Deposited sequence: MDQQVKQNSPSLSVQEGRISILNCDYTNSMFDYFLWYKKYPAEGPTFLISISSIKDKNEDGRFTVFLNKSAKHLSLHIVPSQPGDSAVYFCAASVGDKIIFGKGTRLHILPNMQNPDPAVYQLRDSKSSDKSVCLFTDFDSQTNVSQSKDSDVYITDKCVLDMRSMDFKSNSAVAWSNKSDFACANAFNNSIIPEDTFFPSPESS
């Protein structure tokens, strides 16, 4: 691998610096590029730098190039919800373009004071079908998987990167509601 992007994933708070790093091995690379990729979409060009330069700034985005270290680095400032995507660094010599294996940047959004709770919801058409909802829990809260194969529990969801209101953490359990999320660490402040 001539272009190496160690750190397959990153988590950064909305409003803070996102630093994506890359290392190249080929002394013959003369141009370095960065691409942003959304799920179900093809990568899109983001920012580039020639090996003549050592820094390139364009909006919230900055590339840094250390030719001694053979290191390339991308800085998103401030980072915002729509920055969550996979980032690829590329390096080229002539028409040869080597891509890194990518970094999934997850921008965790800013939200209101928590009010943890578990709620039972009933289906519109079929009234019999029940669903549990664990919602409004702190950023540092872990949802542990289901023990029984007849019970299904989802991990903490991903807020729509275009969401602008009602931003809240949630998990869903389906097959009684109270003892459903027991395998996970539920705080004492939880509402029932």
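**Student:** Missing CA coverage against the deposited sequence, listed in sequence order.
**Tutor:** In the chain as deposited, 1 to 2, 178 to 182, 200 to 205 carry no coordinates.
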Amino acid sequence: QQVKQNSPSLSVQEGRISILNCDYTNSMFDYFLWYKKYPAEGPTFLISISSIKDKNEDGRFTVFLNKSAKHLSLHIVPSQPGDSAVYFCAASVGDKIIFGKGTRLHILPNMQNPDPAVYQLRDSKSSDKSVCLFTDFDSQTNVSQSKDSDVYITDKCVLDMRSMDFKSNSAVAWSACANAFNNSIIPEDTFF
From here on, numbers count along this sequence of modelled residues.
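**Student:** Would you tell me which stretch averages the higher CA B-factor in the PDB entry, 181 to 189 or 4 to 12?
**Tutor:** In the deposited entry, the stretch with the higher C-alpha B-factor mean is 181 to 189.
**Student:** Comparing 146 to 154 with 22 to 30, which has the greater mean CA B-factor as deposited?
**Tutor:** Between 146 to 154 and 22 to 30, it is 146 to 154.
**Student:** When the CA B-factors of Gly100, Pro114, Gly82, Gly94 are compared as recorded in the entry, which is the largest?
**Tutor:** Answer, based on the entry's C-alpha B-factors: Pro114.
**Student:** Go through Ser130, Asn66, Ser163, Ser50 one by one and give the residue whose Cα B-factor in the PDB entry is largest.
**Tutor:** Result of the comparison over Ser130, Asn66, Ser163, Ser50: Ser130.
**Student:** Among the chain's modelled residues, which third holds the C-alpha B-factor of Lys167?
**Tutor:** Middle third of the chain for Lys167's C-alpha B-factor.
**Student:** Lowest, middle or highest third of the chain for the C-alpha temperature factor of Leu108?
**Tutor:** Its C-alpha B-factor belongs to the middle third of this chain's values.
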